[PDB]
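These notes are about the structure you will find just below.
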Amino acid sequence: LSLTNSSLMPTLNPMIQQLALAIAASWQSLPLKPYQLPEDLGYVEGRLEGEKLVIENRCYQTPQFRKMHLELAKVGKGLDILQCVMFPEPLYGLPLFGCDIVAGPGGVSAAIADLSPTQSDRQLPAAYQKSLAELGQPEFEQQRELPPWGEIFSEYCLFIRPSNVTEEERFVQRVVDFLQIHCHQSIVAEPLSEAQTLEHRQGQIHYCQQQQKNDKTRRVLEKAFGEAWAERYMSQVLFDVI
Ligand SMILES: C=CC1=C(C)/C(=C/c2[nH]c(/C=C3N=C(/C=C4\NC(=O)C(C)=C4C=C)C(C)=C\3CCC(=O)O)c(CCC(=O)O)c2C)NC1=O
């Protein structure tokens, strides 16, 4: 989580850099252990007939978080990506923190962050609703509508093209606030009942299945590694169904 050894970090979009730092800072003092990705994946790079894709994977776990995944990626010189999901241990019934940032030479094109539900009612737990409302509605000038598979995201989901530096910083601060709420609720959460654990597990499986419908992610992977590799990466590395 010291991103000091990262090859990609110094060359990434500035908003991406600040988000990577914020997420690493949030995780740094947790009771972390490594989480071994399939084939103990770390750094990976590939090219077929076009641009090369490079990805740095970092992945941890704690008793409350089954898998805490931070990816940084670059396609050629034209495209920077940050991806993060904290997959909850269903026993504690926490939502899914997720973030995806895509940037090119012109700036950030997509900034997405959410605390996504795992309950069957598609609602966040009550304490998250209370804490999230207290943050107030952020104003962003260029909102983007989620694609249909995006039904998985909560009403607090951000999906924007930041308009300027003030918006970039506003977005990063909102992600820090979501992380602050989430890490706090993780301390105050109890082991749930076996039926409740099952209901949360089902929500998390649904979230992964829907995230696999994201053809924007899939095409980037396919252009660098091919269809089979991208299928294995999406289903086994990014959005593994437990
Ligand atoms: C290797 C990893 C990886 C790649 C290659 C990737 C690519 C990627 N994801 C994108 C969109 C997106 N990405 C997401 C959301 C997420 N995606 C997530 O992995 C998570 C956790 C969420 C939400 C928390 C959404 C909702 C879109 C918009 C898709 C659309 O417009 O159809 C886009 C389009 C950006 C734009 O329209 O401006 C690209 C190129 N994203 C990645 O993470």
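Please treat every number below as a calculation from the coordinates, not as lab data. Cβ: placed from backbone, ideal geometry, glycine included. Neighbour counts: every protein chain shown.
The table that follows gives values for the structure above.
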{"read-out": "Any pair with Cβ under 6 angstrom, 6 or more apart, that starts in the stretch 207-223 at a residue that is in contact (Cβ under 8 Å) with a residue 24 or more places away in the chain and ends at one that is part of a helix (DSSP H, G or I)", "value": "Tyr207/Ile152; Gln210/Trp149; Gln210/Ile152; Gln212/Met234; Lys213/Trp149; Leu221/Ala230; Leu221/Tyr233"}
{"read-out": "Single condition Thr166 does not satisfy, out of (1) in contact with a helix residue (DSSP H, G or I) (Cβ under 9 Å, 6 or more places away or on another chain); (2) more than 17 Å from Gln119 (Cβ to Cβ)", "value": "(1)"}
{"read-out": "Hits in the stretch 138-155 - residues which are more than 9 Å from the ligand (Cβ to nearest atom) and crowded, with 17+ Cβ neighbours inside 10 Å", "value": "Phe140, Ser154"}
{"read-out": "Test for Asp114: is it surrounded by 22 or more Cβ atoms within 10 Å (Cβ to Cβ), assigned to a strand (DSSP E or B), within 15 Å of the ligand (Cβ to nearest atom) and of a type in the set (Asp, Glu)", "value": "yes"}
{"read-out": "First in the stretch 151-175 and within 25 Å of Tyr207 (Cα to Cα) and touching a residue at least 40 places away in the same chain (Cβ under 8 Å), second anywhere and more than 12 Å from the ligand (Cβ to nearest atom) and among the polar types (S, T, N, Q), Cβ under 6 Å, 6 or more apart", "value": "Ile160/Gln143; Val172/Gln18"}
{"read-out": "Close pairs from the stretch 99-111: first in a loop (DSSP other than H, G, I, E, B), partner among the charged types (D, E, K, R) and near the ligand (Cβ under 6 Å from one of its atoms), Cβ under 9 Å, at least 6 apart", "value": "none"}
{"read-out": "Yes/no for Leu30 being surrounded by 13 or more Cβ atoms within 10 Å (Cβ to Cβ), assigned to a loop (DSSP other than H, G, I, E, B) and in contact (Cβ under 8 Å) with a residue 40 or more places away in the chain", "value": "yes"}
{"read-out": "Residues of the stretch 204-224 satisfying the condition of being in a helix (DSSP H, G or I) and more than 16 Å from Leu79 (Cα to Cα)", "value": "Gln204, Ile205, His206, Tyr207, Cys208, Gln209, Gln210, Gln211, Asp215"}
{"read-out": "When residues of the stretch 68-91 are limited to those that are away from the ligand (no atom under 12 Å from the Cβ), touching a strand residue (DSSP E or B) at 6+ places or on another chain (Cβ under 9 Å) and touching a residue at least 60 places away in the same chain (Cβ under 8 Å), the one nearest to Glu49 (Cα to Cα)", "value": "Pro88"}
